[PDB]
């Protein structure tokens, strides 16, 4: 299952843009969260994308002119990230698969946590 040790969610992007994570499907009516994380890098950025406990749905898109792909754990495959919410990259908690899913109706209701959500660009010096 994605997010377990060995099945971590990594993203690789090229050039500048924003990776946005939608955290939703909250247990016990917990509020959905949406936050955009910018990169100004000209080249490749590597990213770690985390879940939050007590949520069952994680959806993400890339907004940038360059490519963006996800990798599961140390798997070799790198597959394109969704580029709009009607064809978002989505994980159902417990799934081993990223699917394409329309989450356009979830986005406006989510609390805005731009630059403070669970997706992180790795620096030059790690």
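Residue numbers count along the first chain shown, from 1.
- Legend: mean Cα B-factor per stretch from the PDB entry, 24-32 versus 70-78; the higher mean is in 24-32.
- Of the two segments, 5-13 and 108-116, the one listed with the higher mean B-factor is 108-116 (C-alpha atoms only).
- Placement of the Cα temperature factor of residue 47 within the chain: lowest third of the modelled residues, per the deposited record.
- Among all modelled residues in its chain, residue 59 ranks in the lowest third by Cα B-factor.
- Per the deposited record, the Cα B-factor of residue 98 falls in the middle third when ranked against the other modelled residues of its chain.
- Annotation for residue 122: CA B-factor lies in the middle third of the chain's modelled residues.
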